[PDB]
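Just the one chain here, the form solved without ligand 5GP, laid out as structure tokens.
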């Protein structure tokens, strides 16, 4: 009555001693690639029917940071895929009210979403998959689930996942990450294919005209590009159930195996004034509106200060952003001085003896490098790594103001801090 997780074998794999909070094990576990240093990563993407707000930014910026740590810092080989849900009930409903076509609405808000991501310096994934371009692939995916006896077709033409048949199999467990949250055979069964009314958009299928169900999209596209095993699957914690648990059931049924994803990472909720940021609650702040008050670096520092997997509470009116603006100011001033000193330094006039002051700054510099390395291994502890950089910057500023300058030491410190800020997504 308990789900089981199998860790990848270490032989032949890049091992960093990295530990990540995995929602499958509900614990921190060592991260081991399925193959060598490669990481196959699928991330759930936006439903392009409206603007993105700060909550969305929290997920996409937080996992953008984690990706930068994995690639830039640990030198993993990351293959990332994000879907665009351009077919949806919300897209259909908004398109009729606006009296614009479904595809025209979806492409407009898809465009604004990628513009907003670029404004926050979120790297684009390796592959972008639209649901509208994979409808035929979704049908074939559903056909195989039916062939495996894990799906049934209703009279109206819909197709439903058969949870009961899925559970009976010993190899398969349903609702791994949220076990307690759990005309059809069973109420808890969900639709792989929805029979479309004549007034709704539809696609031809063996079972009749219809639309893809909520969850089938991600399982189809991720399996086609990445295959039977995914190293990482990311998303917001809200998507954990029923969305992601249903992705696992669909892909396990399709491949008839036990583990579709080795590591499931979930970003914490963003609450504004104690309630989750939601369009329905009307407490949302769009990414564009946030950018008219704050810079991209400041917004990224906000998410660096709140651990990616933890709960976060945003205080509006700039209460939470006050610290972010102070840190951004400290980084900006530090880079100004160190860059000017490196540029203007004159070797002939200076004395290049290696003094105790030089040795002390050098020892703290190597010490800070190790502190940050432990923090990144500690489930991407960016808040403490950011504090480590600040402590180092305080001592470098003292050294630049008073001590005689070892130009090479400062140049090497600048290269490191630039390397860490590229890992954070900061641009100075």
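Positions refer to the first chain, counted from 1.
Unshown form deposited with ligand 5GP bound; subsequent notes refer to it.
K.L.:
Can you pick out, from 242, 201, 235, 125, the residue that has a heavy atom within 4.5 Å of ligand 5GP in the deposited bound form?
P.N.:
Checked against the cut-off, the match is 235.
K.L.:
Consider the chain as shown here, without its partner, and state which of 257, 329, 288, 167 has a heavy atom within 4.5 Å of ligand 5GP in the deposited bound form.
P.N.:
Result of the distance check: 167.
K.L.:
Counting only heavy atoms and a 4.5 Å cutoff, which of 337-345, 223-231, 171-179, 100-108 contacts ligand 5GP in the deposited bound form?
P.N.:
Going through the listed ranges, the match is 171-179.
K.L.:
Considering only heavy atoms, tell me if residue 302 and ligand 5GP come within 4.5 Å of each other in the deposited bound form.
P.N.:
The answer is no: residue 302 has no heavy atom within 4.5 Å of ligand 5GP.
K.L.:
With a cut-off of 4.5 Å between heavy atoms, is residue 47 one of the residues that contacts ligand 5GP in the deposited bound form?
P.N.:
It does: once ligand 5GP is placed as it appears in the deposited bound form, residue 47 has a heavy atom within 4.5 Å of it.
K.L.:
When the contact criterion is heavy atoms within 4.5 Å, does residue 159 count as touching ligand 5GP in the deposited bound form?
P.N.:
The answer is no: residue 159 has no heavy atom within 4.5 Å of ligand 5GP.
K.L.:
With the partner left out here, check for me: in the deposited bound form, does some heavy atom of residue 277 sit within 4.5 Å of ligand 5GP?
P.N.:
It does: once ligand 5GP is placed as it appears in the deposited bound form, residue 277 has a heavy atom within 4.5 Å of it.
K.L.:
Sequence order please: the residues of 259-296 with a heavy atom within 4.5 Å of ligand 5GP in the deposited bound form.
P.N.:
The stretch touches the partner through 268, 269, 270, 276, 277.
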